[PDB]
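Have a look at input-v6.csv; it's CSV, C-alpha atoms:
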```csv
chain,number,residue,atom,x,y,z
I,6,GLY,CA,-48.2,128.6,-82.1
I,7,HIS,CA,-46.8,129.3,-78.6
I,8,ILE,CA,-46.9,127.5,-75.3
I,9,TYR,CA,-47.9,129.6,-72.3
I,10,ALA,CA,-46.8,128.8,-68.7
I,11,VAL,CA,-49.2,130.4,-66.3
I,12,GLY,CA,-48.7,130.9,-62.6
I,13,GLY,CA,-47.5,128.1,-60.4
I,14,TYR,CA,-45.3,127.9,-57.4
I,15,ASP,CA,-41.6,128.8,-57.1
I,16,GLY,CA,-40.5,127.0,-53.9
I,17,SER,CA,-36.8,127.4,-54.6
I,18,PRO,CA,-35.0,129.0,-51.7
I,19,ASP,CA,-34.7,132.4,-53.5
I,20,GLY,CA,-38.1,132.1,-55.2
I,21,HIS,CA,-41.3,134.2,-54.9
I,22,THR,CA,-43.6,131.3,-54.0
I,23,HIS,CA,-47.2,131.8,-55.5
I,24,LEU,CA,-46.7,133.2,-59.0
I,25,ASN,CA,-48.8,135.6,-61.1
I,26,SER,CA,-46.2,135.7,-63.8
I,27,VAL,CA,-46.7,134.2,-67.2
I,28,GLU,CA,-44.1,133.2,-69.9
I,29,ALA,CA,-44.5,132.2,-73.6
I,30,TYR,CA,-42.4,129.6,-75.4
I,31,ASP,CA,-41.6,130.1,-79.1
I,32,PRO,CA,-40.6,126.7,-80.6
I,33,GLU,CA,-38.8,128.2,-83.5
I,34,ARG,CA,-36.4,130.3,-81.4
I,35,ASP,CA,-36.4,127.7,-78.5
I,36,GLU,CA,-36.9,130.7,-76.1
I,37,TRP,CA,-39.2,131.6,-73.2
I,38,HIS,CA,-40.3,135.3,-72.7
I,39,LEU,CA,-42.2,136.8,-69.8
I,40,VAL,CA,-45.4,138.5,-70.8
I,41,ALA,CA,-48.0,140.4,-68.7
I,42,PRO,CA,-48.7,138.9,-65.2
I,43,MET,CA,-52.1,138.0,-64.1
I,44,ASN,CA,-54.3,140.0,-61.7
I,45,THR,CA,-54.0,137.2,-59.0
I,46,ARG,CA,-51.3,134.8,-58.0
I,47,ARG,CA,-52.4,131.2,-58.7
I,48,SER,CA,-50.7,127.9,-58.0
I,49,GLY,CA,-52.6,124.7,-58.8
I,50,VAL,CA,-54.3,126.7,-61.6
I,51,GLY,CA,-56.3,125.3,-64.5
I,52,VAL,CA,-55.7,126.9,-67.9
I,53,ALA,CA,-57.7,126.6,-71.1
I,54,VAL,CA,-57.8,128.4,-74.6
I,55,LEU,CA,-61.1,129.5,-76.0
I,56,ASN,CA,-61.8,131.9,-78.9
I,57,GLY,CA,-58.2,133.2,-79.0
I,58,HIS,CA,-57.9,134.0,-75.3
I,59,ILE,CA,-56.2,132.1,-72.4
I,60,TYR,CA,-58.3,131.5,-69.3
I,61,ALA,CA,-56.8,131.0,-65.9
I,62,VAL,CA,-59.3,129.2,-63.7
I,63,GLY,CA,-59.2,129.0,-59.9
I,64,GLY,CA,-56.0,128.0,-58.1
I,65,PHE,CA,-54.5,129.0,-54.8
I,66,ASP,CA,-53.2,132.4,-53.8
I,67,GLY,CA,-51.0,131.7,-50.8
I,68,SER,CA,-49.3,135.1,-51.0
I,69,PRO,CA,-48.4,137.2,-47.9
I,70,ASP,CA,-51.8,138.8,-47.6
I,71,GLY,CA,-54.3,136.4,-49.0
I,72,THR,CA,-54.2,132.6,-48.3
I,73,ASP,CA,-57.2,131.7,-50.5
I,74,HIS,CA,-58.5,129.0,-52.6
I,75,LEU,CA,-59.9,130.8,-55.7
I,76,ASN,CA,-63.2,130.9,-57.5
I,77,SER,CA,-62.0,133.8,-59.7
I,78,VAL,CA,-61.3,133.4,-63.4
I,79,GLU,CA,-59.3,135.8,-65.6
I,80,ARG,CA,-58.8,135.9,-69.4
I,81,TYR,CA,-55.6,136.9,-71.4
I,82,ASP,CA,-55.8,138.8,-74.6
I,83,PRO,CA,-52.5,138.2,-76.5
I,84,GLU,CA,-53.0,141.1,-78.9
I,85,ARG,CA,-53.2,143.6,-76.0
I,86,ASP,CA,-51.1,141.6,-73.6
I,87,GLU,CA,-53.5,142.1,-70.7
I,88,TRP,CA,-55.5,140.0,-68.3
I,89,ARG,CA,-59.1,140.8,-67.3
I,90,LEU,CA,-61.2,139.1,-64.6
I,91,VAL,CA,-64.5,137.4,-65.8
I,92,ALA,CA,-67.4,135.8,-64.0
I,93,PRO,CA,-66.3,133.6,-61.0
I,94,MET,CA,-67.0,130.0,-60.5
I,95,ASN,CA,-69.7,128.7,-58.1
I,96,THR,CA,-67.0,126.9,-56.1
I,97,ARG,CA,-63.4,127.7,-55.1
I,98,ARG,CA,-61.1,125.2,-56.6
I,99,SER,CA,-57.3,124.7,-56.4
I,100,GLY,CA,-55.7,121.7,-58.0
I,101,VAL,CA,-58.5,122.0,-60.6
I,102,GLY,CA,-58.5,120.5,-64.0
I,103,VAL,CA,-59.9,122.4,-67.0
I,104,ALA,CA,-60.7,121.6,-70.6
I,105,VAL,CA,-62.7,123.1,-73.5
I,106,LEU,CA,-65.6,121.2,-75.2
I,107,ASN,CA,-68.3,122.5,-77.5
I,108,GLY,CA,-67.3,126.1,-77.0
I,109,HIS,CA,-67.4,125.9,-73.2
I,110,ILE,CA,-64.8,125.7,-70.4
I,111,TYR,CA,-65.2,122.9,-67.9
I,112,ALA,CA,-63.7,123.2,-64.4
I,113,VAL,CA,-63.4,119.7,-63.0
I,114,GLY,CA,-62.8,118.7,-59.3
I,115,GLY,CA,-60.2,120.5,-57.3
I,116,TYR,CA,-59.9,121.3,-53.7
I,117,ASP,CA,-61.9,123.9,-51.7
I,118,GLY,CA,-60.0,124.5,-48.4
I,119,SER,CA,-61.6,127.9,-47.7
I,122,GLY,CA,-64.4,122.8,-45.0
I,123,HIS,CA,-61.4,121.1,-46.5
I,124,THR,CA,-63.2,119.4,-49.4
I,125,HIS,CA,-61.9,117.4,-52.3
I,126,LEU,CA,-64.4,118.1,-55.0
I,127,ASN,CA,-66.4,115.8,-57.2
I,128,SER,CA,-68.3,118.8,-58.7
I,129,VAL,CA,-67.9,120.1,-62.2
I,130,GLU,CA,-69.1,123.4,-63.8
I,131,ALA,CA,-69.3,124.8,-67.3
I,132,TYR,CA,-68.5,128.4,-68.4
I,133,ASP,CA,-70.4,129.9,-71.3
I,134,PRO,CA,-68.3,132.8,-72.7
I,135,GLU,CA,-71.3,134.4,-74.6
I,136,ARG,CA,-73.3,135.0,-71.4
I,137,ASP,CA,-70.2,135.1,-69.0
I,138,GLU,CA,-71.6,132.6,-66.5
I,139,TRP,CA,-70.8,129.3,-64.8
I,140,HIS,CA,-73.3,126.5,-64.4
I,141,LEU,CA,-72.8,123.4,-62.4
I,142,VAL,CA,-73.3,120.1,-64.3
I,143,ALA,CA,-73.2,116.5,-63.3
I,144,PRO,CA,-70.6,115.6,-60.6
I,145,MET,CA,-68.0,112.9,-61.0
I,146,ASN,CA,-68.2,109.5,-59.4
I,147,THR,CA,-65.1,110.2,-57.4
I,148,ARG,CA,-63.7,113.3,-55.7
I,149,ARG,CA,-60.4,114.4,-57.3
I,150,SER,CA,-58.0,117.1,-56.6
I,151,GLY,CA,-54.8,117.4,-58.6
I,152,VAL,CA,-56.8,115.8,-61.5
I,153,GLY,CA,-55.7,115.9,-65.1
I,154,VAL,CA,-58.4,116.7,-67.7
I,155,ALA,CA,-58.5,116.4,-71.4
I,156,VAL,CA,-61.0,116.3,-74.3
I,157,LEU,CA,-61.0,113.5,-76.7
I,158,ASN,CA,-63.8,112.2,-79.1
I,159,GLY,CA,-66.4,114.6,-77.7
I,160,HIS,CA,-66.0,113.6,-74.1
I,161,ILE,CA,-64.1,115.1,-71.1
I,162,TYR,CA,-61.7,112.7,-69.4
I,163,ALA,CA,-60.9,113.2,-65.7
I,164,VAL,CA,-57.6,111.3,-65.0
I,165,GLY,CA,-56.3,110.2,-61.7
I,166,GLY,CA,-56.0,112.8,-58.9
I,167,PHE,CA,-56.3,112.6,-55.1
I,168,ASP,CA,-59.5,111.7,-53.2
I,169,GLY,CA,-58.5,112.7,-49.7
I,170,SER,CA,-62.0,112.4,-48.3
I,171,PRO,CA,-62.4,110.6,-44.9
I,172,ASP,CA,-63.8,107.5,-46.7
I,173,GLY,CA,-60.6,107.2,-48.7
I,174,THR,CA,-57.3,109.1,-48.7
I,175,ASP,CA,-56.3,107.6,-52.0
I,176,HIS,CA,-54.0,108.6,-54.9
I,177,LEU,CA,-56.2,107.6,-57.9
I,178,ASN,CA,-55.5,105.4,-60.9
I,179,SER,CA,-59.2,105.6,-61.9
I,180,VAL,CA,-60.4,107.5,-65.0
I,181,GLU,CA,-63.9,108.8,-65.9
I,182,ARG,CA,-65.5,110.2,-69.0
I,183,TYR,CA,-68.1,112.9,-69.3
I,184,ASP,CA,-70.8,112.7,-71.9
I,185,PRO,CA,-72.2,116.2,-72.6
I,186,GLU,CA,-75.3,114.9,-74.3
I,187,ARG,CA,-76.6,112.9,-71.4
I,188,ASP,CA,-74.8,114.9,-68.7
I,189,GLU,CA,-73.2,111.8,-67.2
I,190,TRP,CA,-69.9,110.6,-65.9
I,191,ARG,CA,-68.8,106.9,-66.5
I,192,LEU,CA,-65.7,105.2,-65.3
I,193,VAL,CA,-63.5,103.8,-68.0
I,194,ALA,CA,-60.3,101.7,-67.9
I,195,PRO,CA,-58.0,102.8,-65.0
I,196,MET,CA,-54.4,103.7,-65.5
I,197,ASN,CA,-51.6,101.2,-64.7
I,198,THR,CA,-50.2,103.7,-62.2
I,199,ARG,CA,-51.9,105.8,-59.5
I,200,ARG,CA,-51.2,109.5,-60.2
I,201,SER,CA,-52.1,112.7,-58.4
I,202,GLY,CA,-50.8,116.0,-59.7
I,203,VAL,CA,-50.7,114.4,-63.1
I,204,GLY,CA,-50.5,116.3,-66.4
I,205,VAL,CA,-52.6,115.2,-69.3
I,206,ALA,CA,-52.8,116.1,-73.0
I,207,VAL,CA,-54.2,114.6,-76.2
I,208,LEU,CA,-52.0,113.7,-79.2
I,209,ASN,CA,-52.8,111.6,-82.3
I,210,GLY,CA,-56.1,110.4,-80.8
I,211,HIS,CA,-54.7,109.2,-77.5
I,212,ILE,CA,-54.7,110.7,-74.0
I,213,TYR,CA,-51.2,110.9,-72.4
I,214,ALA,CA,-50.9,110.8,-68.6
I,215,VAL,CA,-47.6,112.4,-67.8
I,216,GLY,CA,-45.8,112.2,-64.4
I,217,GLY,CA,-47.6,112.8,-61.2
I,218,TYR,CA,-47.3,111.4,-57.7
I,219,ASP,CA,-48.0,107.9,-56.4
I,220,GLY,CA,-48.4,108.3,-52.7
I,221,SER,CA,-50.0,104.9,-52.3
I,222,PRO,CA,-49.2,102.8,-49.2
I,223,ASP,CA,-46.8,100.9,-51.5
I,224,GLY,CA,-43.9,103.5,-51.6
I,225,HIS,CA,-44.5,107.3,-52.0
I,226,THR,CA,-42.9,108.5,-55.2
I,227,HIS,CA,-42.7,111.4,-57.8
I,228,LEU,CA,-43.1,109.8,-61.3
I,229,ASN,CA,-41.3,110.1,-64.5
I,230,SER,CA,-43.5,107.4,-66.1
I,231,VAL,CA,-46.0,108.1,-69.0
I,232,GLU,CA,-49.1,106.1,-70.1
I,233,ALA,CA,-51.3,106.5,-73.1
I,234,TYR,CA,-55.1,105.8,-73.4
I,235,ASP,CA,-56.7,104.4,-76.5
I,236,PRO,CA,-60.4,105.3,-76.4
I,237,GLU,CA,-61.4,102.8,-79.0
I,238,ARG,CA,-60.0,99.8,-77.2
I,239,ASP,CA,-60.4,101.3,-73.7
I,240,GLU,CA,-56.9,100.5,-72.7
I,241,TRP,CA,-53.8,102.2,-71.2
I,242,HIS,CA,-50.3,101.4,-72.2
I,243,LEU,CA,-47.0,102.6,-70.8
I,244,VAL,CA,-44.8,104.7,-73.1
I,245,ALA,CA,-41.2,106.0,-72.8
I,246,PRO,CA,-40.5,107.7,-69.4
I,247,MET,CA,-39.4,111.3,-69.1
I,248,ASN,CA,-35.9,112.4,-68.3
I,249,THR,CA,-37.1,113.9,-65.0
I,250,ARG,CA,-39.7,112.9,-62.4
I,251,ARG,CA,-42.4,115.6,-62.3
I,252,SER,CA,-45.6,116.0,-60.2
I,253,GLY,CA,-47.7,119.1,-60.5
I,254,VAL,CA,-46.4,119.3,-64.1
I,255,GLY,CA,-48.1,121.2,-66.9
I,256,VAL,CA,-48.6,119.5,-70.2
I,257,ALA,CA,-49.5,120.7,-73.7
I,258,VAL,CA,-49.4,119.6,-77.3
I,259,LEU,CA,-47.8,121.7,-80.1
I,260,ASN,CA,-46.7,120.6,-83.6
I,261,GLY,CA,-47.0,116.8,-83.0
I,262,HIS,CA,-45.1,116.9,-79.7
I,263,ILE,CA,-46.2,116.7,-76.0
I,264,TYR,CA,-44.4,119.3,-73.8
I,265,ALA,CA,-43.9,118.5,-70.1
I,266,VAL,CA,-43.4,121.9,-68.4
I,267,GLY,CA,-42.0,122.4,-64.9
I,268,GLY,CA,-43.4,120.5,-61.9
I,269,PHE,CA,-41.8,119.2,-58.8
I,270,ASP,CA,-39.1,116.5,-58.4
I,271,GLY,CA,-39.1,115.1,-54.9
I,276,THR,CA,-36.8,118.1,-53.8
I,277,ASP,CA,-36.7,120.7,-56.6
I,278,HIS,CA,-39.2,123.0,-58.3
I,279,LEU,CA,-38.5,122.6,-61.9
I,280,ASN,CA,-37.9,125.1,-64.7
I,281,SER,CA,-36.9,122.4,-67.2
I,282,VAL,CA,-39.1,121.4,-70.1
I,283,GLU,CA,-39.1,118.2,-72.2
I,284,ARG,CA,-40.8,117.3,-75.5
I,285,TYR,CA,-42.1,113.9,-76.5
I,286,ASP,CA,-41.9,112.7,-80.1
I,287,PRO,CA,-44.4,109.9,-80.6
I,288,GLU,CA,-42.7,108.6,-83.8
I,289,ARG,CA,-39.4,108.0,-82.0
I,290,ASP,CA,-41.0,107.3,-78.5
I,291,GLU,CA,-38.4,109.5,-76.8
I,292,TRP,CA,-38.3,112.7,-74.6
I,293,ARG,CA,-35.8,115.5,-75.3
I,294,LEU,CA,-35.1,118.5,-73.1
I,295,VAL,CA,-35.7,121.9,-74.7
I,296,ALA,CA,-35.0,125.4,-73.4
I,297,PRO,CA,-35.9,125.9,-69.7
I,298,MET,CA,-38.4,128.4,-68.4
I,299,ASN,CA,-37.2,131.7,-66.8
I,300,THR,CA,-39.0,130.8,-63.6
I,301,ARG,CA,-39.3,127.5,-61.7
I,302,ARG,CA,-43.0,126.5,-61.5
I,303,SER,CA,-44.7,123.6,-59.8
I,304,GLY,CA,-48.5,123.4,-60.0
I,305,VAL,CA,-48.2,125.4,-63.3
I,306,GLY,CA,-51.0,125.7,-65.9
I,307,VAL,CA,-50.1,125.4,-69.6
I,308,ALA,CA,-51.9,126.2,-72.8
I,309,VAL,CA,-51.2,126.5,-76.5
I,310,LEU,CA,-52.2,129.6,-78.5
```
As structure tokens - that is how I would like this structure written.
Amino acid sequence: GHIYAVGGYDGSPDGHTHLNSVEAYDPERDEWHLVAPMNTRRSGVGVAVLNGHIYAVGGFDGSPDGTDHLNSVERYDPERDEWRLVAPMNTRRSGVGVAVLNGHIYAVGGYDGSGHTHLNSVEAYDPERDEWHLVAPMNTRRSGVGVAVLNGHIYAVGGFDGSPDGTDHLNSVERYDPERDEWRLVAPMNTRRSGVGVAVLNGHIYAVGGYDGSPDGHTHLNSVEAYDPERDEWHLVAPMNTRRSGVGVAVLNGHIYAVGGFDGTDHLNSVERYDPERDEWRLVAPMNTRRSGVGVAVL
């Protein structure tokens, strides 16, 4: 398969800022190729794969004309190399987490700055009827949240609360049961992480990078932690070569890929790949474009 890097933000001094461009990584050639751009520029975008299509969910269009937090959603068809808009969400969400469970896309948390609200709300997309439905909200408001699916539950990992009753970078983690429509907190991470990337590999959730802006020492992270759902525990694993917040993460062929992000002060085009058998990160070919707040999916 291929990794897709979708949208993001190029804040490099010659960069084009909010991106609608999209590039695809081929692991066998170790090469990134630009493909069709989306209809709308999106940084802080959530990306998921469902039924052979790539969905770009929400995000922020800070382009010259529109400065909007997005409720729009568009779908990529790899065979035609075209993006088409589908039904919009109920709520505008940048910094949104997305994942796929039981044939539906879940959009989790985010930031609606159209008020300036950090969201605890969650909604579910049904591709057969092309509609979004709100479901149970999270216990905590979270923008810049990582989301992944493991053992039939959605996990919302870290993020930033930012509400007046708590401007906190989160180490907490909660799990969504679709059967009872309920969120429950589980074991927190060792490190507080907003703008964290997450993915699932060999039955564990990996929390990669992020930003710990706690009143203890504001920092972009290269550290990595893994969650064992059976024991309900988090354990640190080998750190990356580069500190990355707003990083995209995906799993392909037994490896975790950390894609782009921001090192505080560079927007990254670099890409590294984690091997769980050697517990080591290795850099692979860099992206054509630097992208922080990038969405990543595997198809």
Per-residue nearest contacts of range 53-159 of chain I to range 25-37 of chain I (12 Å; all atoms listed in the file) as CSV:
```
residue,atom,partner,partner_atom,distance
I:59,CA,I:27,CA,11.0
I:61,CA,I:25,CA,10.4
I:64,CA,I:25,CA,10.9
I:65,CA,I:25,CA,10.8
I:66,CA,I:25,CA,9.1
I:67,CA,I:25,CA,11.2
I:68,CA,I:25,CA,10.1
I:79,CA,I:25,CA,11.4
I:81,CA,I:27,CA,10.2
I:83,CA,I:29,CA,10.4
I:86,CA,I:27,CA,10.7
I:87,CA,I:27,CA,11.0
I:88,CA,I:27,CA,10.6
```
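Computed from the coordinates, the CA of residue 41 in chain I to CA of residue 152 in chain I distance equals 27.1 Å.
Residue nearest residue 278 in chain I, chosen from I:249, I:310, I:114, I:154 and counting only C-alpha atoms: I:249.
Interatomic distance, CA of residue 128 in chain I against CA of residue 181 in chain I: 13.1 Å.
The two atoms in question, CA of residue 12 in chain I and CA of residue 48 in chain I, are spaced 5.8 Å apart.
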Scan for residues within 12 Å of the point (-74.4, 114.1, -69.9) in the coordinates of the file, using only C-alpha atoms, and reply as an MDAnalysis selection string. chainID I and resid 129 142:145 159:161 182:191
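Residues lying at most 8 Å from (-61.0, 120.7, -57.6) in file coordinates, with only C-alpha atoms considered, are residues 97, 98, 99, 100, 101, 102, 112, 113, 114, 115, 116, 117, 125, 126, 127, 128, 149, 150, 151 and 152 of chain I.
Using all atoms listed in the file, the smallest distance between any of I:226, I:96, I:44, I:17 and residue 75 in chain I comes from I:96.
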Set the distance at 7 Å and use all atoms listed in the file: which residues neighbour residue 252 in chain I once local chain neighbours fewer than 6 positions away are removed? I'd like the list as a list in words. residues 202, 203, 216, 217, 218, 227, 228, 268, 269 and 270 of chain I
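Nearest-residue note for residue 43 in chain I: choosing from I:80, I:136, I:85, I:242, the minimum distance belongs to I:80, counting only C-alpha atoms.
When all atoms listed in the file are used to measure the gap to residue 235 in chain I, the shortest distance among I:158, I:201, I:170, I:300 belongs to I:158.
Closest to residue 259 in chain I among I:276, I:196, I:220, I:209 is I:209, based on all atoms listed in the file.
Comparing I:222, I:246, I:69, I:134 by their smallest distance to residue 24 in chain I, the closest is I:69 (using only C-alpha atoms).
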